[PDB]
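Heads up: the structure comes next, in structure tokens.
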Amino acid sequence: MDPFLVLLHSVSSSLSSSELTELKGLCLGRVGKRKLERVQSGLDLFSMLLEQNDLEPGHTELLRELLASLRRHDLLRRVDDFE
């Protein structure tokens, strides 16, 4: 139960189909289309990146970057706020 994960459980509810929509399109040319086939909610994409890509306690600049593209400072604020 990493710390960045316990925080992703709260911000994940604010994402909704809105965040999943933006981060999904940009994910095609960034994370991986095959990985999106399994992605379903917010904790899904966050579980894959943390697995082995670019996401960990003290290194979530990639995820927070995509949220910055959606222009969502209410959620993106909590992400970079954890540190």
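Cβ placement follows ideal geometry from the backbone for every residue including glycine, while neighbour counts extend to all protein chains displayed. Please treat every number below as a calculation from the coordinates, not as lab data.
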Filter result (under 19 Å from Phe4 (Cβ atoms) and part of a helix (DSSP H, G or I)) within the stretch 18-38: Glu19, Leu20, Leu23, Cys27, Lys35
The stretch 33-83, residues that are in contact (Cβ under 8 Å) with a residue 12 or more places away in the chain and acidic (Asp, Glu): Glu56, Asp74, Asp80, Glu83
The residue that is nearest to the chain's Cα centre (by Cα), considering only those in the stretch 39-83 that are among the basic types (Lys, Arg) and part of a helix (DSSP H, G or I), is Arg64
Select from the stretch 42-83 the residues that are small (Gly, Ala, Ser) and within 15 Å of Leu7 (Cβ to Cβ) and write down the one among them that is surrounded by the most Cβ atoms within 10 Å (Cβ to Cβ). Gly42
